[PDB]
């Protein structure tokens, strides 16, 4: 089974993001998001709240510098497979994550010298994180 650190943020329908420590310690009734064997995202209630006691926690820092704090043996989704996170780390596999992400806020920075690149076909190019910039 394995376990997660207190502040690991869990998506709930009712409350939005909540720390799993709080969901478990307060045994909060909520609806979480799951994925089936055919890649369908659905929702269902939390059915068991597991307080696993004390265990060794490792902090896994991802390429974008975000953090997952878990025991070595907790499984995470990699393409078509659930694997222990430590193995995912040892094997350099990509964790599955949301294919999309929203813009939270916007700021003005005034004027700057700015740049663009032309390519022959399709007229786009990937940035860090895999964002696709385009001139079309």
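Positions refer to the first chain, counted from 1.
Stretch comparison (111-119 versus 12-20) by mean CA B-factor in the PDB entry places 111-119 on top. In this crystal structure, the stretch out of 60-68 and 84-92 whose C-alpha atoms carry the higher mean B factor is 60-68.
Highest CA B-factor among the listed residues (105, 31, 34, 48): 105. Sort the chain's modelled residues by C-alpha temperature factor and residue 53 lands in the middle third, per the entry.
When the modelled residues of the chain are ordered by C-alpha B-factor, residue 101 sits in the highest third. Split the chain's modelled residues into thirds by C-alpha temperature factor. Residue 129 is in the middle one. Annotation for residue 74: CA B-factor lies in the middle third of the chain's modelled residues.
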